[PDB]
Every structure is written in C-alpha cells, then in structure tokens.
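Comments concern the structure below.
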Amino acid sequence: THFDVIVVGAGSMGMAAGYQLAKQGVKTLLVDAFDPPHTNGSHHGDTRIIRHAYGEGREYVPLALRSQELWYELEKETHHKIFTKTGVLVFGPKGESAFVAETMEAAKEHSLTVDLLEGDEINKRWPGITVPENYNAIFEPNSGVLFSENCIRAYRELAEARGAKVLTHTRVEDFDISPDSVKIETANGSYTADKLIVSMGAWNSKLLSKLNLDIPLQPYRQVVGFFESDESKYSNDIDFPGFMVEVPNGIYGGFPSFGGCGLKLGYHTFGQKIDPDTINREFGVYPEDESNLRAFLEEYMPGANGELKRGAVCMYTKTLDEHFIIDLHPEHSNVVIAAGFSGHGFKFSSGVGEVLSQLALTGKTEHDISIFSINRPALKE
Ligand SMILES: *Cc1cc2c(cc1C)nc1c(=O)[nH]c(=O)nc-1n2C[C@H](O)[C@H](O)[C@H](O)COP(=O)(O)OP(=O)(O)OC[C@H]1O[C@@H](n2cnc3c(N)ncnc32)[C@H](O)[C@@H]1O
Ligand SMILES: [Cl-]
C-alpha cells in the first residue's frame, strides 16, 4: 500500500510527527528498529528537562514556548502523565558561565518570568543545595519536567487510533528517492510514499549517507544515575527543582526525586564517542559513570549522594555547532531531515513534530527554523 508519508525512526521526533500527520487524516507509516518507547535510543531514563529561557541561545525560545503548550495539550489528551512543573534552576560561578549569562539574556529578551538569586539565597531557598557564595542563579518557575517515554507512548497511541501504522522491530537499510515518490527498503519489505521524514536519532550518523549526505554527526554515550536522597529536601513534593548548571569542569542536569525514585543526575558536557550499534548500554562498566556523578553531588547536593538505585545509558548525537538540523534535503524537496539534537532536543519534540508535518505536507513551516538549516557552514569540518 502506498502511503502519504513515511516516517523512518518513530522516536522523539518521528512519533510527534506521526501524531501531527495522523490528526489531519494523512495516511502515515512509521517504521522503527525497535518498539518505541524503548531503551536503545535517546529518549529513555524516564525524565527530561524543558526550559524556556534558553542558555544554548535566545532564538530557541519561541519553539520552547510552543512546545510547552503542545505538552499541556498532550496532558489533556492522554491518560499517561506528561509534565510536572518543577521549575528549572540554572546556576554557576558569577561571571564565568556563558550558559547562565545567555539564560539570563534570553529571559529578558522574551519577557520570561524568572527569579534571580545569588550565593546563600540559593542555599536558603532550596535546602539540600550547597553552592559557593560567588555563584549566581536564575530560576524559572513555570518550566519543568517531561516524562519522555510517556510522551512517545501517548503520541503513538493517539496516532494509531487515528489510523497511523507503526511497523516495529524493522530496520530501514536503504532509500530510493524519485522526483514524485520515496521508497524505503527493509528486511520485512519495501514501502513507498509521497513524502519521507528521516528521524533515526544516533543512527542518522550511519544512514544519511544512503541519502548522499555527508554531515558530521557524532554519537555519544551519556549515562544518568538515580541516587538515594534525603526526601525531606530533594523530593518534588517539597518543591526541589529540576536543574541545569555550569561548574568549572562542565554542565550537569538533574531532577528532584519523584515518589521516592531518588534524585537523578547526568553529566552533560562529557560522554564517550561511540557507534550506536556497538555501544555498551550497561551502566557502571566505566568507573567514570558513577564517579563523575558523585563528584558533583558530594560538592553541591550532599544529601542526594546515597546508594545508586538505578542507572541508564542513553545517546546524544552532536553537530559541530550543537544546533539541530531540521530542513528539507537539499536535493529532494520530498524528503525531510531531523537530526543532530545534540543532547537538548527532547523538550522541543512536540514543536518539532509540528514543523516536520508542515515541511512534509507543504515544503515550508510557519516556524523560524533558519538556525537549523542543513546548508549552514558551521555544520562542516
Ligand atoms: C540520552 C539523553 C538525552 C537527553 C537528556 C539526557 C540523556 C541521558 N536530557 C535531556 C533533557 O533533559 N532535555 C532535553 O530537551 N533533551 C534531553 N536529551 C536529548 C533528547 O533526549 C534527544 O535530543 C532526543 O531524544 C532525540 O530524539 P530523536 O527522535 O532524534 O532520537 P530517538 O528518540 O532515539 O529516536 C530515533 C529512533 O530511530 C529509530 N531507528 C534507528 N535506526 C533505525 C533504522 N535503521 N530504521 C528505523 N528506525 C530506526 C530508533 O529505534 C529510535 O526509536
Ligand atoms: Cl541528541
């Protein structure tokens, strides 16, 4: 059967696209190597931060705000839990974090609601945080935490109810693009459509070559740990925030304990360079997995440094400039690419689903996606 649209990779981006297409009666096939949500890609480990005031760049702010509204819409549409409004705390040494400074500029440029705090004020407001007096902070009360696996699961169920088809456990191996149609090849059969969306996560770094693209995309092994914590300090129930922070040796992101699961932490600016088909997905096989996390906790969040309850191993896919790629294929207007989310895309996946649907159906989008151009110089070595 010939589809209107085929999505290859039904993960964060692809499943959101599938939902957007299905809701409009577009006949859509999604193909995934596994059965999303799953633990082999970039979307597991339960939780993801969404921030609006954006330390990676003030220009992501409208897409973040649109995505936030889309997440509230999803919360209303499903029985799965989507979002909890933890707020997000950003801190770092005063005058020595570009990330903090840009987050502050973004909030002023877009009139976001934030609180500015420094030093002992941070430690006083949130028992359990111990920063030096020379640190400053910006706290965003209305952003928070997404349950990422639930997001994908909900978009899947909703899309499928509207007639989208999802072909699981099926790896796309090659492509054949014509001026007026697209074709995918798999071990389970070949499929055709009018339009293609390519959203294969870390595997974009191996298979975009089949579409005659040569773009630096490096996959990285990124672990997270959940730690037994003082629940009187670090529980969501006592308003402990989500956080993304810069310290002299890099950026860390974390989450309050939800229902006693433990504070969750990840070291964002370091990971191992890997291949997605040979990555070691067992937490704790390198001593850095646990040690890098406790190095942060014992300094800054000392009551959240108990027994390791749970670990996970996830992948980032970085571009050279760490900005996304969201665009048409330069040689094929019937092919849409979503790649290179550089460890910070999940929060936008709802909005990206909308962009991808518009690009597929119309070749354009109402969103400003200029900074994510596939033709930009900074993508290339
Ligand atoms: C790993 C990670 C990422 C992350 C994060 C912490 C960790 C440890 N923290 C984040 C945060 O707090 N907030 C945020 O906004 N983002 C954060 N991230 C990044 C984010 O999770 C990623 O940027 C995002 O998930 C990327 O999504 P994308 O849709 O690109 O990737 P995916 O969900 O893995 O989906 C890809 C799918 O493609 C399928 N696949 C692969 N190969 C094939 C083939 N050949 N054929 C068909 N399907 C294929 C995969 O199976 C997967 O489902
Ligand atoms: Cl990523």
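Along the sequence shown, residues carry numbers from 1. Only heavy atoms go into these numbers, but all of them, side chains included; no hydrogens, no water, no symmetry mates.
Judged purely by atom type and a 3.5 angstrom limit, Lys27 has no side-chain atom pairing as donor or acceptor with the backbone of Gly25. Although no hydrogens or angles enter the test, the distance criterion places no donor-acceptor pair under 3.5 Å between the side chain of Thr103 and the main chain of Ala53. The closest donor-acceptor contact from the side chain of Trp203 to the backbone of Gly41 lies at 3.5 Å or more, if one exists at all. Looking only at distances, no side-chain donor or acceptor of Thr319 sits under 3.5 Å from a matching main-chain atom of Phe324. At least one donor-acceptor pair closer than 3.5 Å links the side chain of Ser342 to the backbone N or O of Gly340.
Applying the side-chain hydrogen bond (donor to acceptor under 3.5 Å, both in side chains) test to residues at least two apart or on different chains, the pairs with a partner in residues 296-313 are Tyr135-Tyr300, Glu228-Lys309. Counting only residues at least two apart or on different chains, the side-chain hydrogen bond (donor to acceptor under 3.5 Å, both in side chains) pairs with a member in residues 322-331 are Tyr60-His323, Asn212-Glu331. Sorted by first and then second residue, the side-chain hydrogen bond (donor to acceptor under 3.5 Å, both in side chains) pairs involving residues 144-155 (not counting sequence neighbours) form an empty list. Every pair passing side-chain hydrogen bond (donor to acceptor under 3.5 Å, both in side chains) that includes a residue from residues 233-248 is listed here, sequence neighbours excluded: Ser97-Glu246, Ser235-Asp237.
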### Query
What's the verdict on ring pair (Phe, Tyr, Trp, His ring centres under 6.0 Å) for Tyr54 and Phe348, showing C-alpha distance, side-chain angles and the deciding distance?
CA-CA 12 Å; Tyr54 211 66; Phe348 302 103; 5.1 Å; yes
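Using a cutoff of 4.0 Å between basic side-chain nitrogens and carboxylate oxygens, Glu354 and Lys23 are not scored as salt-bridged.
Every residue two or more places apart in sequence or in another chain that forms a side-chain contact (heavy atoms from CB on, under 4.5 Å) with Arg162 is listed here: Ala22. In this structure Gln24 satisfies the side-chain contact (heavy atoms from CB on, under 4.5 Å) test together with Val26, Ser357, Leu361, sequence neighbours excluded.
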